[PDB]
Amino acid sequence: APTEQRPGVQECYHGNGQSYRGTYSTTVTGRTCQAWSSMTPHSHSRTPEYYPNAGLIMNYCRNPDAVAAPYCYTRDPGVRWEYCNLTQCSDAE
């Protein structure tokens, strides 16, 4: 009889994560991402209007402008943006 929570498949990004369209929404330090369509607390230009094919919905980690890895602005006024707590798929190899 099982005594461990059902296995969870980790999310991971390929390449630099420009193709990432998963649901992860937490930064490397555990902070909660700000929604892309929100301008509070941080104003920015990474909007779905300006990156219409980048999947900039909700507050999911994304890489619309092809930086090093998926990222987000955070909801904390003291922290503008962070890379997300996401590993590269190739790490498990």
# chains A, B, ... in the order shown; residues from 1 in each chain; ligands from 1
>>> residues_around(residues="residue 89 (chain A)", least_positions_apart="5", cutoff="8 Å", atoms="only C-alpha atoms", output="ChimeraX atom specification")
/A:11-14
>>> select_by_dssp(residues="chain A", states="strand (DSSP E)", output="PyMOL selection string")
chain A and resi 12-13+71-73+81-83+87-88
>>> select_by_dssp(residues="chain A", states="helix (DSSP H, G or I)", output="list in words")
residues 89, 90, 91 and 92 of chain A
>>> atom_distance(atom1="CA of residue 55 (chain A)", atom2="CA of residue 7 (chain A)")
27.0 Å
>>> residues_around(residues="residue 19 (chain A)", least_positions_apart="5", cutoff="12 Å", atoms="only C-alpha atoms", output="ChimeraX atom specification")
/A:12-14,53-56,61-67,69-70,88
>>> residues_around(residues="residue 33 (chain A)", least_positions_apart="3", cutoff="7 Å", atoms="only C-alpha atoms", output="MDAnalysis selection string")
chainID A and resid 25:27 59 72:75
>>> atom_distance(atom1="CA of residue 71 (chain A)", atom2="CA of residue 84 (chain A)")
5.0 Å
>>> residues_around(residues="residue 57 (chain A)", least_positions_apart="6", cutoff="10 Å", atoms="only C-alpha atoms", output="PDB file with C-alpha atoms, in the first residue's frame")
ATOM      1  CA  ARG A  21       4.593  27.519 -21.452  1.00  0.00           C
ATOM      2  CA  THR A  23       2.407  26.900 -14.960  1.00  0.00           C
ATOM      3  CA  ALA A  35       0.916  38.991 -13.370  1.00  0.00           C
ATOM      4  CA  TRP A  36       2.182  40.044 -16.813  1.00  0.00           C
ATOM      5  CA  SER A  37      -0.960  42.106 -17.429  1.00  0.00           C
ATOM      6  CA  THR A  47       2.820  42.644 -22.008  1.00  0.00           C
ATOM      7  CA  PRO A  48       0.828  40.224 -24.188  1.00  0.00           C
TER       8      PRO A  48
END
>>> closest_residue(among="A:16, A:90, A:45, A:32", to="residue 68 (chain A)", atoms="only C-alpha atoms")
A:16
>>> closest_residue(among="A:22, A:2, A:9, A:77", to="residue 92 (chain A)", atoms="only C-alpha atoms")
A:9
>>> closest_residue(among="A:18, A:5, A:34, A:10", to="residue 91 (chain A)", atoms="only C-alpha atoms")
A:10
>>> atom_distance(atom1="CA of residue 78 (chain A)", atom2="CA of residue 60 (chain A)")
19.6 Å
>>> decode(residues="region 63-88 of chain A", atoms="C-alpha atoms", output="CSV table (one decimal), in the first residue's frame")
chain,number,residue,atom,x,y,z
A,63,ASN,CA,11.1,34.3,-21.3
A,64,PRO,CA,9.5,36.6,-23.9
A,65,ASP,CA,12.7,38.5,-24.9
A,66,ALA,CA,15.1,35.5,-24.9
A,67,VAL,CA,17.2,36.3,-21.8
A,68,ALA,CA,19.0,33.4,-20.0
A,69,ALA,CA,16.0,31.6,-18.5
A,70,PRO,CA,12.3,32.1,-17.7
A,71,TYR,CA,11.6,34.9,-15.2
A,72,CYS,CA,8.9,37.1,-13.8
A,73,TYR,CA,8.4,40.3,-12.1
A,74,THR,CA,7.5,39.7,-8.4
A,75,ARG,CA,4.6,40.9,-6.4
A,76,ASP,CA,6.9,42.3,-3.7
A,77,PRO,CA,7.7,46.0,-4.2
A,78,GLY,CA,11.2,45.4,-2.9
A,79,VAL,CA,12.1,42.9,-5.6
A,80,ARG,CA,11.6,44.0,-9.2
A,81,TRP,CA,12.2,40.7,-11.0
A,82,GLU,CA,13.9,37.3,-10.5
A,83,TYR,CA,14.6,34.2,-12.5
A,84,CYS,CA,12.1,31.4,-11.7
A,85,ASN,CA,12.7,28.3,-9.6
A,86,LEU,CA,12.9,26.1,-12.7
A,87,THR,CA,15.5,23.6,-13.9
A,88,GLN,CA,16.6,22.9,-17.5
